[PDB]
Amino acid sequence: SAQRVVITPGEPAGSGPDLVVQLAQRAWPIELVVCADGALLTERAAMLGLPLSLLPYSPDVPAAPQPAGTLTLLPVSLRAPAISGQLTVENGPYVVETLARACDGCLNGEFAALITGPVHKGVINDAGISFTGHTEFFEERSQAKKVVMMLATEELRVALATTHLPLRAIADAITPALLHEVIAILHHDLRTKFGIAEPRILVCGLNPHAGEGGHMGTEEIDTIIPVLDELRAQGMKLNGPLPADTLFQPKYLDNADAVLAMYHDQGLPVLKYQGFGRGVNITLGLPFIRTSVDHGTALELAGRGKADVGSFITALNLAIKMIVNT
């Protein structure tokens, strides 16, 4: 293989850097190019009592499996000292900078995948930088028509029609167009990026009991149902819209490859209730592979090796499998 991937620790004040140094303690079949501040990684390595060596990155020198206790650095400096667990609007642009280079590298083929660590939407915004999350950032920087967020544990896959939007904004966001792009990308990436010939997708309605014919909302009639029927006519195996609290039962889940929820808190609670903090946030529809953790920056954990690299490891392993699927 001899493949290269780029990793972004995320918020410098968070436990992101910590997790990357922790996972660098083992060797990997691919080269781990970390786009961040070198001095940031060495300081955290020291405090954690973990050895760490950084190898200069270069698109010339061919990809080489990453040696244990080492990482390949793609330099980007902070704008002020980073204190473990101490957010600061100063390094805000730094975070977004690493995300840019990381995204660009994946858009230039020099990186086969992008695995992201946790970032803080707050510090970024408070820095005057418009930010929703990696998903929108990568979707916009790679001008993709539409990308789909999908959280998956070893037992359940849950995709979302909308990401991190205020509850009041969901209803208007769910348009025939969007719902069409979302399902198209999902059904496609499941057969190609996940090797599922005939993916069976359980679709959630927007309203409880899926609007119940208008008694609890009309969006199912005005948007959801029409779309699902069009796509079903195309052979797509879509079951819904169904009541979220009905389809989220073992009897339904055991006969489907993924579930598509209309919004964040409609499909994630169940996924998290049985994920064991090992879920991976996967972005579908991008020109390149992108996985990531789904936990926060855990500020009050930075400095002390307390953060669990479990999710980060799983996200990296998953991105690696997807790469093997060319």
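Throughout, we count residues from 1 along the sequence that is shown.
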Exercise. Mind pulling up the entry and telling me whether 221 to 229 or 191 to 199 has the higher mean Cα temperature factor?
Key: 191 to 199
Self-check item: 51 to 59 versus 291 to 299 - which carries the larger mean C-alpha B factor in the record
Solution: 51 to 59
Quiz item: Which of these has the highest Cα B-factor in the record: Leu71, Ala80, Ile185, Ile115?
Solution: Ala80
Quiz item: Hey, out of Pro166, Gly240, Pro208, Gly85, whose CA B-factor is highest in the deposited coordinates?
Solution: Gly85
Self-check item: Ranked C-alpha temperature factor of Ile320 among modelled chain residues, by third
Solution: middle
Quiz prompt | Modelled-residue ranking by C-alpha temperature factor, third containing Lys121 | solution = highest
Self-check item: B-factor third for the C-alpha atom of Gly214 within its chain
Solution: lowest
Self-check item: Chain third (lowest, middle, highest) by recorded CA B-factor, residue given as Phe276
Solution: highest
Practice problem: Would you mind ranking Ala307 by its C-alpha B-factor against the rest of the chain and naming the third, lowest, middle or highest? | Solution: highest
